[PDB]
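K.L.:
Sequence plus experimental coordinates follow:
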Amino acid sequence: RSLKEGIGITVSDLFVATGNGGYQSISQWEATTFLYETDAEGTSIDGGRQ
Amino acid sequence: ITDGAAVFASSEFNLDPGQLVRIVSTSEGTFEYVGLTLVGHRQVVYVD
């Protein structure tokens, strides 16, 4: 349950490996959601489904 | 305004129905005629 705290720069992530195998990418198979960060004075920063 | 020419400088800002737009000249000026035209963007809408 790797977890972010305090809105830090680092985003929550999970990389798991055994002694031999390499770490796997979890967010690579996730329903990720970004935002439409804009400098516009009229914000249209939507939560577009990444 | 300088030498009969002018430069625009400002950010954006939304205008809504009822709001009143005003312009004033800080300092006195003399001339024959001065024309100032702005530009806006409005969403096309049908009506009845």
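P.N.:
Nice, thanks for sending it over. Residues are numbered from 1 along each chain as shown, chains lettered A, B, ... in the order given.
K.L.:
nearest residue to the residue most central in space within chain A other than its sequence neighbours?
P.N.:
Residue closest to the average C-alpha location in chain A (C-alpha atoms, centre = their mean): residue A:11, at 5.5 Å. Excluding its sequence neighbours, the residue lying closest to residue A:11 (C-beta to C-beta, 6 or more residues apart in numbering or on different chains) is residue A:4, at 6.5 Å. (C-beta placed from N, C-alpha, C; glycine too.)
K.L.:
tell me, how many neighbours does whichever residue of chain B sits closest to chain A end up with?
P.N.:
Each residue of chain B has a distance to chain A, by C-beta to the nearest C-beta, and the smallest belongs to residue B:12, at 5.2 Å. Per other C-beta atoms under 10 Å in any protein chain shown, the neighbour tally for residue B:12 reads 8.
K.L.:
Next: residue A:27.
P.N.:
Under the neighbour criterion other C-beta under 10 Å, residue A:27 is assigned a count of 13.
K.L.:
What's the separation between it and chain B?
P.N.:
36 Å (C-beta to the nearest C-beta, to the nearest Å).
K.L.:
list the contacts for that residue?
P.N.:
Residue A:27 makes contacts with A:13, A:14, as judged by C-beta atoms under 8 Å, 6 or more residues apart in numbering or on different chains.
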